[PDB]
Structure formats: C-alpha cells, structure tokens
Amino acid sequence: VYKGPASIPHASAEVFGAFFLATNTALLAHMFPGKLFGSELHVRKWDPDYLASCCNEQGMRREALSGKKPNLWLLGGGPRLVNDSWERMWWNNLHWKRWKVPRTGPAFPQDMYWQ
Amino acid sequence: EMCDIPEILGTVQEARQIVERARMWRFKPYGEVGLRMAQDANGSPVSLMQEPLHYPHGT
Amino acid sequence: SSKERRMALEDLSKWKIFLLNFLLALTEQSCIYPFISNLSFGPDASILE
Amino acid sequence: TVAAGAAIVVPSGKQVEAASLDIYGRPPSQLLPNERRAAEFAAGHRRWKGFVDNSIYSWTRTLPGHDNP
Amino acid sequence: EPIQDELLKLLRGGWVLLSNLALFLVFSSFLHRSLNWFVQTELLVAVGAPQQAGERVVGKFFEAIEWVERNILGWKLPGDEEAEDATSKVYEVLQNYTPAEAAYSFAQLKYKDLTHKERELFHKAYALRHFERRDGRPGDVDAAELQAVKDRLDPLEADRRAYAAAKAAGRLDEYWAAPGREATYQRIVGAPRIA
Amino acid sequence: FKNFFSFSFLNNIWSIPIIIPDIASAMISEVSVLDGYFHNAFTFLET
C-alpha cells in the first residue's frame with residue numbers, strides 16, 4: 001500500500017494507456033490510407049521546399065519591382081570561399097538538396113499488401 | 001554491303017526518333033547531375049522550376 | 001494535462017496557453033483531412049501564393 | 001583542462017607569422033580562410049611539442065629499463 | 001509557476017535524461033566493440049588451454065602498462081624499432097615501391113601529338129604529384145608551360161576564352177587586331193568580316 | 001565558442017544574385033534555328 005515518498009513524481013496509468021493505444025492506432029492509420037473515415041494521416045501541412053520557393057518568389061519579385069537586382073536565398077547556407085572544388089564551395093545547399101527524398105518521406109510502404 | 005541513299009535516310013529518321021525518346025531522361029529533378037551542372041553566368045547554382053506543386057513567376 | 005489541476009484563471013496562466021498555441025503554430029503538426037484543409041479559392045495549390 | 005590546455009596550445013601573432021612564412025610564401029592576412037587555419041594549427045602543434053619536450057620529458061628520462069611484456 | 005522556473009526545471013530534467021541515456025549508449029557501444037576479444041578468450045579456454053587465457057588478460061594489462069611507459073614517461077622500450085619498420089603509409093609506398101608505369105595522366109592516352117617533355121610534365125602535374133615522389137618539392141610544375149601546352153592542343157577553345165576576356169574588358173578591337181584572327185575568320189566563314 | 005558568443009546566423013552570407021548567361025556562354029549545341037527567324041532560346045518577362 002506504500003507507493004513512495006510522494007516527492008518523487010508518479011506517472012499515472014492513464015498516461016501509459018494513452019501511449020499504448022496511440023502508438024497502435026498510429027501504426028494502423030499509417031498502414032491503411034483512405035480508410036480514416038475516407039481520409040489519411042499526414043505529419044505536416046506544407047513541404048519546406050515549397051514554402052521556401054514561395055518565399056523566394058515573393059522576395060525576388062518585390063526586389064525587382066523596387067529597382068534592384070534580385071537575390072536568391074539558399075536553404076542550408078551560402079558559399080564557402082575556397083579554390084579546390086565546386087562541391088566544397090557549395091556544400092551546405094548541396095547537403096540540404098541531397099536529403100530531399102527522405103525529408104519528404106514516408107519510410108514505410110505507401111500501399112497495402114497481404115502476405 | 002554499302003548503304004544506298006534511302007537506307008541512310010530511313011536510319012537517320014529513326015535515329016532522330018530514338019534521340020527524342022532518349023532526351024526525355026535529361027533532367028531528373030533533385031538528381032546529382034542537375035544539382036551540380038546547372039549554373040548561371042557565374043558558377044552559382046540555380047533553382048530550376050521542377051517542383052511538382054509550385055509554378056512560380058507566371059508559369 | 002494528466003494532473004487535472006484546477007485554479008480559476010490568472011493573467012500569467014492566460015499568457016501560458018497563448019504562448020503554447022502560438023509556438024505550436026510555428027512547428028510542423030499532424031493533420032487528419034489534409035486535402036480538404038489545403039484547398040483554396042482561386043487557381044493555386046495553397047493560400048500562400 | 002580546457003583552459004589549462006588552451007594556455008599551452010594557443011599561439012600569439014609572431015608564431016602565426018612564423019608558421020605562415022615557411023609553410024606558405026606569403027605573410028598573414030593575405031590567405032584563404034582554410035589556409036590560415038593550417039598555419040594556426042602548425043604554430044599550436046609546435047607549442048605543444050616544445051612544451052612536452054622541455055617540461056615533461058626533461059626529467060622523466062632517467063632510464064629505468066625494465067617491464068617488457 | 002513563473003516562466004523562468006518552468007524553463008529551468010525543464011532544462012534540468014532534459015539534461016539528466018540525456019546524460020543517463022548517453023551513459024547507457026556509451027556502455028552499449030563498449031559492449032558491441034569488445035565482443036570479439038571476449039569470444040577469442042572463451043574459445044581459448046574451451047579448446048583445452050585454460051592457462052593461455054590468463055596470459056591474454058595479463059597481456060592486456062601489460063599492454064596498458066607499456067602504453068603508459070611509452071607515451072607519458074617517454075622510455076624507449078626496446079624492440080619498438082622492429083615494430084616501426086613493419087608498417088608504412090600509402091604515399092610512402094608510392095614514393096618507394098611503385099613503378100612509374102603504374103600511373104598515367106589521362107592526356108597521354110587522349111593526345112598522340114605529345115612529345116616526351118610534355119608527357120613528363122603532365123605526369124608530374126596529374127599522375128604522381130610532389131608528395132608521391134622521392135625528390136619532389138612543391139612548385140615542380142610551372143603551370144605556365146602547362147597552360148602553353150594546353151593551349152597548343154585545342155587552340156580554338158583558347159581563342160574563345162581570349163574573346164570572352166576581351167569582351168569582358170573593352171579590348172575587342174585589340175582582339176581582332178591580332179595577326180591571325182581575321183585570317184581564321186576568313187578560313188572558317190567563307191566571307192570576309194564586314195564589321 | 002567565439003562564433004557562438006557572436007551571432008553566426010547574423011553576419012554570414014545566405015543569398016546570391018542570379019545572372020543569366022548570354023547566348024555565347026550558354027549551351028550552344030542546344031540552340032537551333034527553326035525555318036529561319038526563330039530560335040529556341042526562350043526569354044520572357046513575368047509581367
């Protein structure tokens with residue numbers, strides 16, 4: 001009947017029950033797209049590349065209408081000042097762009113197969 | 001046996017057909033060749049308009 | 001939320017919940033009806049063009 | 001340890017000019033950023049080797065030759 | 001209840017969780033790394049030689065002792081000269097043990113017009129560099145004679161680069177007043193240059 | 001630590017200008033003339 005000193009925090013059983021049911025339901029919702037009352041479960045609203053391309057579009061359009069030469073802002077970072085390779089000079093933006101397909105996801109199969 | 005003129009014309013016609021179908025594989029979006037070899041007047045990389053949902057700048 | 005604590009309502013506790021939803025607006029969160037929710041009136045894929 | 005090591009390692013301006021002028025043909029503040037760090041590292045490594053040679057290795061070499069395997 | 005107290009209590013909880021998880025991962029990494037040594041010691045016991053495994057364990061202790069003697073104190077520990085000569089680096093093997101015929105410069109295969117001197121200049125620039133040769137100092141290749149050889153082969157690309165350089169500056173009629181440019185315009189394009 | 005006491009997201013370069021190559025510096029073998037008076041090196045304003 002003795003639980004503990006009550007100065008050490010106790011997590012309730014409802015926290016584990018919610019955790020257990022939520023993990024199982026998340027797995028089931030990922031396996032069956034189209035059956036969540038006709039819908040599916042996404043993990044984001046907008047692609048970061050899509051948002052950055054829209055913001056660059058509006059930024060260079062506003063720069064051009066103000067009478068200046070427009071600038072493109074690069075995800076990851078700008079160039080390094082080196083002289084040995086093109087890939088070392090532009091490494092940060094190249095590193096952002098090389099990660100495109102796993103950033104988009106998902107890492108699980110997109111369609112259901114019955115074994 | 002050496003080709004006559006109509007055989008040369010026929011194979012040039014078919015090769016141009018093949019070359020069009022071959023150039024359909026030329027800019028894989030976010031492929032390595034496009035990321036490293038598509039550059040502006042200087043050596044700077046450009047943002048190619050190949051993204052599947054955004055058509056910027058009145059395109 | 002698991003501790004079911006209950007005061008009345010004070011100004012600092014008013015600012016806590018505003019700050020939580022404000023900061024959650026800046027992150028990436030899950031959605032249940034994403035194709036309906038990203039619809040827009042006009043010829044665009046979103047409301048941000 | 002970090003500050004105590006950094007007292008040994010970090011060189012002054014004369015070592016950096018000294019390490020630049022023999023490795024490269026040019027005096028400092030005329031270089032790329034990546035080739036300044038090479039001169040700074042060479043000066044710090046010279047300071048480390050000099051400290052180990054004159055302050056740790058001057059009195060630990062009394063030849064107790066034994067304890068082989 | 002204040003924001004500062006909540007942020008500090010969150011920071012302390014995150015720090016203690018992350019530090020204990022890192023300690024568990026470091027122990028698990030050591031347990032993954034060292035498995036082959038324990039397996040070989042156990043196999044040495046199980047083959048029918050129980051006394052030789054204790055020699056392996058005390059040899060690990062004596063190796064730690066030898067490391068402390070060699071690195072901190074600096075003693076010689078004789079027999080180290082025979083151990084130092086057993087191994088070598090890649091560039092030292094290139095300097096000392098490889099023939100010169102096992103290196104090429106992509107241009108001795110591309111251009112048949114090359115003489116022996118341009119061939120060895122390309123070899124020293126691109127095949128075996130100054131750190132891969134025995135009597136090699138930096139600055140062996142001139143890079144101005146190399147540019148002259150690279151301009152002798154394919155001269156029209158050099159002419160194009162000279163045009164672009166003259167167009168970037170304001171020396172375009174100084175480009176066209178060179179003694180061969182109007183003649184090569186006449187040769188390539190069958191009409192004289194009107195402009 | 002020297003760059004962290006500074007603001008490394010504040011003084012670094014994040015942006016580049018984009019300059020279009022002229023036809024002499026572009027992909028010359030891709031430029032073709034179609035029955036005279038036309039060529040496929042396209043150029044149009046956003047307006």
# chains A, B, ... in the order shown; residues from 1 in each chain; ligands from 1
>>> closest_atom_pairs(of="chain F", to="chain A", cutoff="7 Å", atoms="only C-alpha atoms", output="CSV")
residue,atom,partner,partner_atom,distance
F:13,CA,A:78,CA,5.4
F:14,CA,A:78,CA,4.6
F:15,CA,A:73,CA,4.1
F:16,CA,A:71,CA,5.3
F:17,CA,A:71,CA,4.4
F:18,CA,A:71,CA,6.6
>>> interface_residues(of="chain D", to="chain E", cutoff="12 Å", atoms="only C-alpha atoms", output="ChimeraX atom specification")
/D:23-25,52-53,55-69
>>> write_last_selection(atoms="N, CA and C atoms", output="short mmCIF file (atom, residue, chain, number, x, y, z; two decimals), in the first residue's frame")
data_model
loop_
_atom_site.label_atom_id
_atom_site.label_comp_id
_atom_site.auth_asym_id
_atom_site.auth_seq_id
_atom_site.Cartn_x
_atom_site.Cartn_y
_atom_site.Cartn_z
N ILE D 23 55.71 27.66 -44.26
CA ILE D 23 54.81 26.74 -44.96
C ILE D 23 54.33 27.36 -46.27
N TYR D 24 53.90 28.61 -46.22
CA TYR D 24 53.49 29.35 -47.41
C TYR D 24 54.53 30.42 -47.72
N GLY D 25 54.45 30.96 -48.93
CA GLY D 25 55.33 32.05 -49.30
C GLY D 25 54.83 33.42 -48.91
N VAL D 52 56.05 19.65 -24.38
CA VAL D 52 56.25 18.26 -23.99
C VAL D 52 57.74 17.93 -23.93
N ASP D 53 58.53 18.51 -24.84
CA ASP D 53 59.96 18.21 -24.86
C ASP D 53 60.71 18.88 -23.71
N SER D 55 59.36 20.37 -20.78
CA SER D 55 58.74 20.44 -19.47
C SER D 55 58.20 19.12 -18.95
N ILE D 56 58.04 18.10 -19.79
CA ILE D 56 57.57 16.81 -19.31
C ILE D 56 58.66 15.76 -19.53
N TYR D 57 59.44 15.93 -20.60
CA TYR D 57 60.41 14.92 -21.00
C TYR D 57 61.82 15.22 -20.53
N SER D 58 62.04 16.35 -19.85
CA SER D 58 63.38 16.66 -19.37
C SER D 58 63.75 15.86 -18.13
N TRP D 59 62.77 15.44 -17.33
CA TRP D 59 63.05 14.78 -16.07
C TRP D 59 62.46 13.38 -15.94
N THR D 60 61.69 12.91 -16.92
CA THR D 60 61.14 11.56 -16.87
C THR D 60 62.03 10.54 -17.57
N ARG D 61 63.13 10.96 -18.19
CA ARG D 61 64.05 10.05 -18.86
C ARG D 61 65.27 9.83 -17.97
N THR D 62 65.07 9.01 -16.94
CA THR D 62 66.15 8.59 -16.04
C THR D 62 66.58 7.15 -16.28
N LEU D 63 66.11 6.54 -17.37
CA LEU D 63 66.36 5.15 -17.73
C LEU D 63 66.11 4.09 -16.65
N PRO D 64 64.83 3.85 -16.26
CA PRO D 64 64.56 2.56 -15.57
C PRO D 64 64.17 1.46 -16.56
N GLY D 65 65.14 0.96 -17.32
CA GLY D 65 64.82 0.00 -18.35
C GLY D 65 64.47 -1.39 -17.85
N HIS D 66 63.18 -1.71 -17.87
CA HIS D 66 62.62 -3.00 -17.47
C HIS D 66 61.17 -3.05 -17.95
N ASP D 67 60.44 -4.07 -17.49
CA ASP D 67 58.99 -4.25 -17.67
C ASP D 67 58.62 -4.36 -19.16
N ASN D 68 59.09 -5.46 -19.75
CA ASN D 68 58.95 -5.75 -21.18
C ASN D 68 57.57 -6.25 -21.62
N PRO D 69 57.05 -7.39 -21.09
CA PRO D 69 55.96 -7.98 -21.89
C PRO D 69 54.59 -7.37 -21.63
#
>>> closest_atom_pairs(of="chain B", to="chain F", cutoff="9 Å", atoms="only C-alpha atoms", output="tab-separated table")
residue	atom	partner	partner_atom	distance
B:40	CA	F:20	CA	5.7
B:41	CA	F:21	CA	4.2
B:42	CA	F:19	CA	7.1
B:44	CA	F:18	CA	7.5
B:45	CA	F:18	CA	8.6
B:46	CA	F:18	CA	7.4
B:57	CA	F:46	CA	5.6
B:58	CA	F:46	CA	5.7
B:59	CA	F:46	CA	8.2
>>> write_last_selection(atoms="C-alpha atoms", output="compact mmCIF listing (two decimals), in the first residue's frame")
# COMPACT_ATOMS: atom_id res chain seq x y z
CA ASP B 40 24.13 30.71 -64.05
CA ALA B 41 26.52 33.13 -65.81
CA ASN B 42 28.88 32.74 -62.85
CA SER B 44 26.35 29.74 -58.90
CA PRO B 45 23.63 27.07 -58.75
CA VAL B 46 20.13 27.97 -59.88
CA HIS B 57 6.61 33.75 -61.80
CA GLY B 58 3.55 33.48 -64.04
CA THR B 59 4.26 29.99 -65.41
>>> select_by_dssp(residues="chain C", states="helix (DSSP H, G or I)", output="PyMOL selection string")
chain C and resi 11-24+34-37
>>> closest_atom_pairs(of="chain C", to="chain B", cutoff="10 Å", atoms="only C-alpha atoms", output="JSON lines")
{"residue": "C:44", "atom": "CA", "partner": "B:54", "partner_atom": "CA", "distance": 8.4}
{"residue": "C:45", "atom": "CA", "partner": "B:53", "partner_atom": "CA", "distance": 6.6}
{"residue": "C:46", "atom": "CA", "partner": "B:53", "partner_atom": "CA", "distance": 9.3}
{"residue": "C:49", "atom": "CA", "partner": "B:56", "partner_atom": "CA", "distance": 8.5}
>>> closest_atom_pairs(of="chain A", to="chain B", cutoff="10 Å", atoms="only C-alpha atoms", output="CSV")
residue,atom,partner,partner_atom,distance
A:47,CA,B:53,CA,9.9
A:49,CA,B:51,CA,8.6
A:50,CA,B:54,CA,6.9
A:51,CA,B:54,CA,9.5
A:53,CA,B:54,CA,7.9
A:54,CA,B:56,CA,7.5
A:56,CA,B:56,CA,9.7
A:57,CA,B:56,CA,6.6
A:58,CA,B:57,CA,9.0
A:60,CA,B:57,CA,9.9
A:61,CA,B:57,CA,8.2
A:72,CA,B:47,CA,8.5
A:74,CA,B:47,CA,9.3
A:79,CA,B:44,CA,9.0
A:86,CA,B:43,CA,8.2
A:87,CA,B:36,CA,7.7
A:89,CA,B:44,CA,9.7
A:90,CA,B:45,CA,8.3
A:93,CA,B:45,CA,9.2
A:94,CA,B:35,CA,7.3
A:97,CA,B:30,CA,6.9
A:98,CA,B:30,CA,7.3
A:99,CA,B:30,CA,9.4
A:100,CA,B:30,CA,7.4
A:101,CA,B:30,CA,8.8
>>> write_last_selection(atoms="N, CA, C and O atoms", output="short mmCIF file (atom, residue, chain, number, x, y, z; two decimals), in the first residue's frame")
data_model
loop_
_atom_site.label_atom_id
_atom_site.label_comp_id
_atom_site.auth_asym_id
_atom_site.auth_seq_id
_atom_site.Cartn_x
_atom_site.Cartn_y
_atom_site.Cartn_z
N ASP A 47 5.33 21.25 -47.41
CA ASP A 47 6.72 20.90 -47.67
C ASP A 47 7.61 22.12 -47.42
O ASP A 47 7.25 23.23 -47.83
N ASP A 49 10.49 22.85 -48.81
CA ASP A 49 10.98 23.34 -50.09
C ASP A 49 9.93 24.17 -50.81
O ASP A 49 10.25 25.18 -51.44
N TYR A 50 8.67 23.76 -50.71
CA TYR A 50 7.55 24.50 -51.29
C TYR A 50 7.39 25.87 -50.64
O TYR A 50 7.24 26.88 -51.34
N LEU A 51 7.48 25.93 -49.31
CA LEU A 51 7.39 27.19 -48.58
C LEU A 51 8.55 28.12 -48.91
O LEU A 51 8.35 29.33 -49.09
N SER A 53 10.37 28.08 -51.68
CA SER A 53 10.25 28.53 -53.06
C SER A 53 9.21 29.64 -53.20
O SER A 53 9.42 30.59 -53.96
N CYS A 54 8.09 29.54 -52.46
CA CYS A 54 7.12 30.64 -52.45
C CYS A 54 7.71 31.92 -51.86
O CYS A 54 7.49 33.02 -52.40
N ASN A 56 10.95 32.80 -51.65
CA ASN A 56 11.90 33.33 -52.62
C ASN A 56 11.21 34.00 -53.80
O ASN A 56 11.68 35.04 -54.26
N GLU A 57 10.10 33.43 -54.29
CA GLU A 57 9.35 34.06 -55.38
C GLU A 57 8.88 35.46 -55.02
O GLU A 57 9.14 36.42 -55.75
N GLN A 58 8.23 35.60 -53.86
CA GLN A 58 7.73 36.91 -53.45
C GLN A 58 8.87 37.87 -53.13
O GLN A 58 8.77 39.07 -53.43
N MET A 60 12.11 37.95 -54.46
CA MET A 60 12.72 38.50 -55.68
C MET A 60 11.75 39.32 -56.51
O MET A 60 12.19 40.26 -57.19
N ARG A 61 10.45 39.03 -56.47
CA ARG A 61 9.50 39.89 -57.17
C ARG A 61 9.43 41.28 -56.54
O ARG A 61 9.42 42.29 -57.26
N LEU A 72 18.64 35.39 -54.53
CA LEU A 72 18.07 34.11 -54.13
C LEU A 72 18.68 33.66 -52.81
O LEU A 72 19.91 33.57 -52.69
N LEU A 74 19.41 30.82 -50.00
CA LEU A 74 19.67 29.39 -50.14
C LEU A 74 19.44 28.66 -48.82
O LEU A 74 19.99 29.05 -47.79
N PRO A 79 27.82 30.21 -49.95
CA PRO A 79 29.07 29.56 -50.38
C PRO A 79 30.23 29.75 -49.41
O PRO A 79 30.31 30.74 -48.68
N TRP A 86 34.20 22.81 -56.80
CA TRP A 86 32.86 23.40 -56.83
C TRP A 86 31.97 22.81 -55.75
O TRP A 86 31.13 23.52 -55.19
N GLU A 87 32.13 21.52 -55.46
CA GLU A 87 31.30 20.85 -54.47
C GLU A 87 31.64 21.31 -53.05
O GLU A 87 30.76 21.42 -52.20
N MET A 89 32.78 24.39 -52.40
CA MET A 89 32.31 25.77 -52.34
C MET A 89 30.83 25.84 -52.00
O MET A 89 30.41 26.67 -51.19
N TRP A 90 30.03 24.95 -52.58
CA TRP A 90 28.58 24.98 -52.45
C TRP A 90 28.05 23.83 -51.60
O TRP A 90 27.01 23.25 -51.91
N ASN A 93 24.22 24.07 -49.32
CA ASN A 93 22.99 23.95 -50.10
C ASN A 93 22.90 22.60 -50.80
O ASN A 93 21.81 22.03 -50.92
N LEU A 94 24.04 22.05 -51.23
CA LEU A 94 24.08 20.70 -51.78
C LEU A 94 23.68 19.67 -50.74
O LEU A 94 23.01 18.68 -51.07
N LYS A 97 19.92 19.83 -50.38
CA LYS A 97 19.20 19.28 -51.52
C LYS A 97 19.39 17.78 -51.69
O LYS A 97 18.52 17.13 -52.27
N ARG A 98 20.49 17.22 -51.20
CA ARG A 98 20.69 15.78 -51.30
C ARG A 98 19.77 14.99 -50.38
O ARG A 98 19.57 13.80 -50.62
N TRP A 99 19.19 15.62 -49.36
CA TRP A 99 18.35 14.94 -48.40
C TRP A 99 16.86 15.01 -48.74
O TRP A 99 16.03 14.82 -47.86
N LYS A 100 16.52 15.23 -50.02
CA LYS A 100 15.16 15.61 -50.41
C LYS A 100 14.16 14.48 -50.21
O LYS A 100 13.12 14.66 -49.57
N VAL A 101 14.45 13.31 -50.77
CA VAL A 101 13.55 12.15 -50.73
C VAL A 101 13.29 11.62 -49.32
O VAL A 101 12.12 11.39 -48.99
#
>>> interface_residues(of="chain C", to="chain E", cutoff="12 Å", atoms="only C-alpha atoms", output="PDB file with N, CA, C and O atoms, in the first residue's frame")
ATOM      1  N   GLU C  10      -5.716  33.192 -14.179  1.00  0.00           N
ATOM      2  CA  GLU C  10      -4.992  34.419 -13.870  1.00  0.00           C
ATOM      3  C   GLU C  10      -4.243  34.854 -15.123  1.00  0.00           C
ATOM      4  O   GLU C  10      -4.211  34.136 -16.123  1.00  0.00           O
ATOM      5  N   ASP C  11      -3.657  36.057 -15.059  1.00  0.00           N
ATOM      6  CA  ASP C  11      -3.075  36.686 -16.247  1.00  0.00           C
ATOM      7  C   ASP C  11      -1.854  35.931 -16.762  1.00  0.00           C
ATOM      8  O   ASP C  11      -1.681  35.773 -17.978  1.00  0.00           O
ATOM      9  N   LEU C  12      -0.994  35.470 -15.852  1.00  0.00           N
ATOM     10  CA  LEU C  12       0.155  34.665 -16.251  1.00  0.00           C
ATOM     11  C   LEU C  12      -0.285  33.322 -16.825  1.00  0.00           C
ATOM     12  O   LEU C  12       0.246  32.875 -17.851  1.00  0.00           O
ATOM     13  N   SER C  13      -1.284  32.687 -16.206  1.00  0.00           N
ATOM     14  CA  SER C  13      -1.845  31.464 -16.765  1.00  0.00           C
ATOM     15  C   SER C  13      -2.620  31.719 -18.051  1.00  0.00           C
ATOM     16  O   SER C  13      -2.780  30.793 -18.851  1.00  0.00           O
ATOM     17  N   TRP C  15      -1.408  33.919 -20.258  1.00  0.00           N
ATOM     18  CA  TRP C  15      -0.343  34.067 -21.245  1.00  0.00           C
ATOM     19  C   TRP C  15       0.342  32.746 -21.573  1.00  0.00           C
ATOM     20  O   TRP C  15       0.872  32.597 -22.683  1.00  0.00           O
ATOM     21  N   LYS C  16       0.326  31.785 -20.634  1.00  0.00           N
ATOM     22  CA  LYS C  16       0.903  30.458 -20.878  1.00  0.00           C
ATOM     23  C   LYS C  16       0.246  29.752 -22.060  1.00  0.00           C
ATOM     24  O   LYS C  16       0.937  29.222 -22.942  1.00  0.00           O
ATOM     25  N   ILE C  17      -1.086  29.756 -22.107  1.00  0.00           N
ATOM     26  CA  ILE C  17      -1.799  28.973 -23.108  1.00  0.00           C
ATOM     27  C   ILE C  17      -1.743  29.653 -24.477  1.00  0.00           C
ATOM     28  O   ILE C  17      -1.654  28.974 -25.520  1.00  0.00           O
ATOM     29  N   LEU C  19       0.917  31.385 -25.408  1.00  0.00           N
ATOM     30  CA  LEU C  19       2.267  31.100 -25.877  1.00  0.00           C
ATOM     31  C   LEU C  19       2.390  29.679 -26.405  1.00  0.00           C
ATOM     32  O   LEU C  19       3.105  29.448 -27.386  1.00  0.00           O
TER      33      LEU C  19
END
>>> residues_around(residues="residue 20 in chain D", least_positions_apart="3", cutoff="10 Å", atoms="only C-alpha atoms", output="list in words")
residues 14, 15, 16, 17, 23, 24, 25, 26, 27, 28, 29, 31, 35, 36, 37, 38, 39, 40, 42 and 43 of chain D
>>> residues_around(residues="range 15-26 of chain B", least_positions_apart="6", cutoff="12 Å", atoms="only C-alpha atoms", output="JSON, numbers by chain")
{"B": [8, 9, 32, 33, 34, 37, 38], "F": [30]}
>>> residues_around(residues="range 29-34 of chain C", least_positions_apart="3", cutoff="7 Å", atoms="only C-alpha atoms", output="number ranges by chain")
A: 39-44; C: 37-38
>>> interface_residues(of="chain A", to="chain D", cutoff="12 Å", atoms="only C-alpha atoms", output="VMD selection string")
chain A and resid 80 to 84 88 to 89
>>> atom_distance(atom1="CA of residue 142 in chain E", atom2="CA of residue 167 in chain E")
28.1 Å
>>> residues_around(residues="residue 44 in chain E", least_positions_apart="4", cutoff="12 Å", atoms="only C-alpha atoms", output="NGL selection string")
:E and (37-40 or 48-57)
>>> write_last_selection(atoms="N, CA and C atoms", output="short mmCIF file (atom, residue, chain, number, x, y, z; two decimals), in the first residue's frame")
data_model
loop_
_atom_site.label_atom_id
_atom_site.label_comp_id
_atom_site.auth_asym_id
_atom_site.auth_seq_id
_atom_site.Cartn_x
_atom_site.Cartn_y
_atom_site.Cartn_z
N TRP E 37 37.06 -9.97 -28.63
CA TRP E 37 38.14 -10.29 -27.71
C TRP E 37 37.70 -11.29 -26.64
N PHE E 38 36.51 -11.07 -26.05
CA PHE E 38 35.97 -11.99 -25.07
C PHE E 38 35.65 -13.35 -25.69
N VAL E 39 35.17 -13.34 -26.94
CA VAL E 39 34.88 -14.59 -27.64
C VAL E 39 36.16 -15.38 -27.91
N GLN E 40 37.24 -14.69 -28.30
CA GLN E 40 38.51 -15.39 -28.54
C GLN E 40 39.11 -15.93 -27.24
N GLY E 48 40.94 -26.23 -24.80
CA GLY E 48 41.71 -27.13 -23.97
C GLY E 48 43.02 -26.54 -23.50
N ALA E 49 43.09 -25.21 -23.44
CA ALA E 49 44.27 -24.49 -22.95
C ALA E 49 43.83 -23.42 -21.96
N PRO E 50 43.51 -23.80 -20.72
CA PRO E 50 42.98 -22.81 -19.78
C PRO E 50 44.02 -21.83 -19.26
N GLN E 51 45.30 -22.16 -19.32
CA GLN E 51 46.32 -21.28 -18.77
C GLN E 51 46.70 -20.15 -19.73
N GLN E 52 46.49 -20.35 -21.03
CA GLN E 52 46.88 -19.34 -22.01
C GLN E 52 45.93 -18.15 -22.05
N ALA E 53 44.72 -18.29 -21.51
CA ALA E 53 43.78 -17.17 -21.50
C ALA E 53 44.17 -16.14 -20.45
N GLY E 54 44.67 -16.59 -19.30
CA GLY E 54 45.20 -15.68 -18.31
C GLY E 54 46.39 -14.90 -18.82
N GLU E 55 47.20 -15.53 -19.69
CA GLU E 55 48.28 -14.82 -20.36
C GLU E 55 47.74 -13.71 -21.25
N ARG E 56 46.62 -13.95 -21.93
CA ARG E 56 45.99 -12.92 -22.77
C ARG E 56 45.47 -11.75 -21.93
N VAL E 57 44.85 -12.05 -20.79
CA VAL E 57 44.31 -10.99 -19.93
C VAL E 57 45.43 -10.16 -19.31
#
>>> residues_around(residues="residue 159 in chain E", least_positions_apart="3", cutoff="12 Å", atoms="only C-alpha atoms", output="number ranges by chain")
E: 151-156, 162-166, 175-176, 178, 180-181, 184-185
